[PDB]
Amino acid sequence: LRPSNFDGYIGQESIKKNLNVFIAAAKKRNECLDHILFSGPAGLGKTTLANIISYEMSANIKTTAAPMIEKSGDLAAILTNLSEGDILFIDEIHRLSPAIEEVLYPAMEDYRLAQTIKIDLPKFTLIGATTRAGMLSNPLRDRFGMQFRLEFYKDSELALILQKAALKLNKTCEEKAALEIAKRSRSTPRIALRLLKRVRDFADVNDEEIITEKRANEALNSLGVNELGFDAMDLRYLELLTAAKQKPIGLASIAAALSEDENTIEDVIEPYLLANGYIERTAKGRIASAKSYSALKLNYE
């Protein structure tokens, strides 16, 4: 119950505009698209886009995950069982063992991969998805003709997503209700769609089909969903920088303080904060903007 095409795909204007151009070209050229790479925080709709592309390209799609692959031959086998034009979608692609990753390079670039060698290749489209762009090797990303980084969603964009999704659940989510759920969804369709199913449940027990703002708030507060959508980690990060004065803190310190991986801070914890203008990456470390100070004060009132 996710969008099936671009016809009414919400958000990612930039990615959509470009995919539309490359999709026209490939078809005009009577060929399949070059390899595509999607990167960005979980639940932003990259698995979705992958399947939309399969529909737009009237091509079949096969899915798998990096950890799911282990034996080098296994991958070689996967390639062997693909019809000319198909799409191969690998999620968490950044977790491929150098060995497997080494077998993939020639498959993408050339379409060919006792003693023995041989083995040609049908000619397909490899779509890779990662939530850890920083962990992706240059030899691998530089082989994707197309590279797209999903951005977070505006509250107005989530609103629409909720309104349409609500409809499929046989419910009318008023605008003001959509905006309030979005407000606590941390600009992420998955969280918002999750909260929607909870608000619905309150509507059901009250024999209601129209989710109002008032009832949305009832549900959200009753569940204790943070009013601003912050995680425990968002609060810890902002408190760490806000605790320090307008003096930048580098990963070395931050990572050390939050006893967390240095890469997890850049590609998982910070993306949302930077997106909503809570922090900035200065020339020598990070700093918290006015948003943070006023946001935190507001959260603890």
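Just count from 1 along the sequence shown to find any residue number.
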Unresolved deposited residues in the interval that joins residue 113 and residue 114: 4 to 9
Of 245 to 253 and 57 to 65, the one with larger mean CA B-factor: 245 to 253
84 to 92 set against 168 to 176, stretch whose average Cα temperature factor tops the other in the entry: 84 to 92
Deposited CA B-factor, highest of 215, 197, 118, 132: 118
Selection by C-alpha B-factor (highest) of 226, 138, 72, 187: 72
CA B-factor placement of residue 52, once the chain's modelled residues are sorted into thirds: lowest
Ranked C-alpha temperature factor of residue 276 among modelled chain residues, by third: middle
Modelled-residue ranking by C-alpha temperature factor, third containing residue 288: highest
Cα B factor band for residue 20 (lowest, middle or highest third within the chain): middle
Residue 37 CA temperature factor, ranked by third within the chain: lowest
